[PDB]
$ cat final-v4.txt   # compact mmCIF, N, CA and C atoms
# COMPACT_ATOMS: atom_id res chain seq x y z
N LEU A 1 43.12 24.29 -165.68
CA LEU A 1 44.06 25.09 -164.84
C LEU A 1 43.82 24.78 -163.36
N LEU A 2 44.87 24.64 -162.59
CA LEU A 2 44.70 24.34 -161.14
C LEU A 2 45.96 24.77 -160.38
N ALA A 3 46.01 26.01 -159.96
CA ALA A 3 47.21 26.50 -159.21
C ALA A 3 46.77 27.58 -158.21
N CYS A 4 45.86 27.25 -157.34
CA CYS A 4 45.37 28.23 -156.33
C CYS A 4 44.37 27.54 -155.41
N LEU A 5 44.82 27.08 -154.27
CA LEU A 5 43.90 26.39 -153.32
C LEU A 5 42.99 27.41 -152.64
N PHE A 6 43.46 28.62 -152.47
CA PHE A 6 42.62 29.66 -151.81
C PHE A 6 42.75 30.99 -152.55
N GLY A 7 43.83 31.71 -152.32
CA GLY A 7 44.02 33.02 -153.01
C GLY A 7 43.22 34.10 -152.28
N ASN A 8 42.99 33.94 -151.00
CA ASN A 8 42.22 34.96 -150.23
C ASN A 8 43.17 36.01 -149.63
N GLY A 9 44.44 35.98 -150.00
CA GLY A 9 45.40 36.98 -149.45
C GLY A 9 45.90 36.55 -148.06
N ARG A 10 45.37 35.49 -147.50
CA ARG A 10 45.84 35.05 -146.15
C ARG A 10 46.28 33.59 -146.22
N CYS A 11 47.34 33.25 -145.54
CA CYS A 11 47.84 31.84 -145.56
C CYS A 11 48.55 31.49 -144.25
N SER A 12 48.76 30.22 -144.03
CA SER A 12 49.48 29.77 -142.81
C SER A 12 50.89 29.32 -143.20
N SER A 13 51.05 28.89 -144.43
CA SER A 13 52.38 28.44 -144.92
C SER A 13 52.48 28.78 -146.41
N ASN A 14 53.56 28.42 -147.05
CA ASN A 14 53.71 28.74 -148.50
C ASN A 14 52.70 27.93 -149.32
N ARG A 15 52.43 26.71 -148.92
CA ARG A 15 51.46 25.86 -149.67
C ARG A 15 50.03 26.41 -149.53
N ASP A 16 49.81 27.36 -148.66
CA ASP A 16 48.44 27.93 -148.50
C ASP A 16 48.23 29.10 -149.47
N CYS A 17 49.09 29.26 -150.45
CA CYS A 17 48.92 30.40 -151.41
C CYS A 17 48.64 29.86 -152.82
N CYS A 18 48.65 30.72 -153.81
CA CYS A 18 48.37 30.25 -155.20
C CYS A 18 49.61 30.46 -156.08
N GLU A 19 49.51 30.17 -157.35
CA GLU A 19 50.67 30.33 -158.27
C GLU A 19 51.11 31.80 -158.31
N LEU A 20 50.18 32.71 -158.51
CA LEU A 20 50.53 34.16 -158.57
C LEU A 20 51.28 34.58 -157.30
N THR A 21 51.10 33.86 -156.22
CA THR A 21 51.80 34.20 -154.95
C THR A 21 52.41 32.92 -154.36
N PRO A 22 53.62 32.60 -154.78
CA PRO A 22 54.34 31.38 -154.30
C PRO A 22 54.97 31.60 -152.91
N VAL A 23 54.70 32.71 -152.26
CA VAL A 23 55.31 32.92 -150.90
C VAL A 23 54.22 33.24 -149.87
N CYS A 24 54.44 32.83 -148.64
CA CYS A 24 53.46 33.10 -147.55
C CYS A 24 54.18 33.84 -146.43
N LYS A 25 54.07 35.14 -146.40
CA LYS A 25 54.76 35.93 -145.33
C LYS A 25 53.75 36.82 -144.60
N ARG A 26 53.94 36.99 -143.32
CA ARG A 26 53.00 37.85 -142.52
C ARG A 26 51.58 37.29 -142.61
N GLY A 27 51.44 35.99 -142.64
CA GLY A 27 50.08 35.38 -142.72
C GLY A 27 49.37 35.85 -143.99
N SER A 28 50.11 36.18 -145.01
CA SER A 28 49.48 36.66 -146.28
C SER A 28 50.24 36.06 -147.47
N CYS A 29 49.68 36.14 -148.65
CA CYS A 29 50.37 35.58 -149.85
C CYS A 29 50.88 36.71 -150.74
N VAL A 30 52.07 36.56 -151.27
CA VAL A 30 52.62 37.61 -152.17
C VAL A 30 53.57 36.96 -153.18
N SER A 31 54.25 37.76 -153.95
CA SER A 31 55.20 37.22 -154.96
C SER A 31 56.54 36.93 -154.30
N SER A 32 56.97 35.69 -154.35
CA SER A 32 58.28 35.31 -153.73
C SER A 32 59.41 36.10 -154.39
N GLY A 33 59.55 35.98 -155.69
CA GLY A 33 60.64 36.72 -156.40
C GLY A 33 61.99 36.03 -156.13
N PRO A 34 63.06 36.79 -156.14
CA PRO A 34 64.45 36.28 -155.90
C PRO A 34 64.75 36.23 -154.39
N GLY A 35 65.93 35.79 -154.03
CA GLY A 35 66.29 35.72 -152.58
C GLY A 35 66.29 37.13 -151.99
N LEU A 36 67.44 37.76 -151.94
CA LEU A 36 67.51 39.14 -151.37
C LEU A 36 68.45 39.99 -152.22
N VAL A 37 68.32 41.29 -152.14
CA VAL A 37 69.20 42.19 -152.95
C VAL A 37 70.66 42.00 -152.52
N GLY A 38 71.57 42.62 -153.22
CA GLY A 38 73.02 42.48 -152.86
C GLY A 38 73.50 41.08 -153.22
N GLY A 39 73.17 40.10 -152.43
CA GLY A 39 73.60 38.70 -152.72
C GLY A 39 74.64 38.26 -151.69
N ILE A 40 74.48 37.07 -151.15
CA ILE A 40 75.45 36.57 -150.13
C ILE A 40 76.75 36.16 -150.81
N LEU A 41 76.69 35.82 -152.07
CA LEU A 41 77.93 35.41 -152.81
C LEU A 41 78.17 36.37 -153.97
N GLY A 42 79.02 37.34 -153.78
CA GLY A 42 79.31 38.32 -154.87
C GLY A 42 78.17 39.33 -154.97
N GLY A 43 78.39 40.54 -154.52
CA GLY A 43 77.33 41.58 -154.58
C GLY A 43 77.56 42.48 -155.79
N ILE A 44 78.14 41.95 -156.84
CA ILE A 44 78.40 42.76 -158.06
C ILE A 44 77.90 42.00 -159.29
N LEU A 45 77.37 42.71 -160.26
CA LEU A 45 76.87 42.05 -161.50
C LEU A 45 75.76 41.05 -161.14

$ encode --input "final-v4.txt" --output "structure tokens"
Amino acid sequence: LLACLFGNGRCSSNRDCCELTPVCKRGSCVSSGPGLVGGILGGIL
């Protein structure tokens, strides 16, 4: 298994995080998830 270069909760970019946290926001790593609620194309269904 190899999907976590650090995982210390702090990162400088998205590549500075691990698999469990594919996103790097606020100098920290978290779950990226989907884009945003509502949706830019069709906010229904």

$ residues_around --input "final-v4.txt" --residues "residue A:17" --least-positions-apart "5" --cutoff "8 Å" --atoms "only N, CA and C atoms" --output "PyMOL selection string"
chain A and resi 3-12+22-24+28-30

$ closest_residue --input "final-v4.txt" --among "A:38, A:1, A:45, A:13" --to "residue A:25" --atoms "only N, CA and C atoms"
A:13

$ atom_distance --input "final-v4.txt" --atom1 "atom CA of residue A:31" --atom2 "atom CA of residue A:18"
9.8 Å

$ atom_distance --input "final-v4.txt" --atom1 "atom N of residue A:15" --atom2 "atom C of residue A:39"
25.2 Å

$ atom_distance --input "final-v4.txt" --atom1 "atom CA of residue A:21" --atom2 "atom N of residue A:33"
8.0 Å

$ axis_aligned_box --input "final-v4.txt" --around "stretch 5-9 of chain A" --padding-each-side "3 Å" --output "JSON"
{"center_x": 44.1, "center_y": 31.7, "center_z": -151.2, "size_x": 9.7, "size_y": 16.6, "size_z": 12.2}

$ select_by_dssp --input "final-v4.txt" --residues "chain A" --states "strand (DSSP E)" --output "list in words"
residues 23, 24, 25, 28, 29 and 30 of chain A
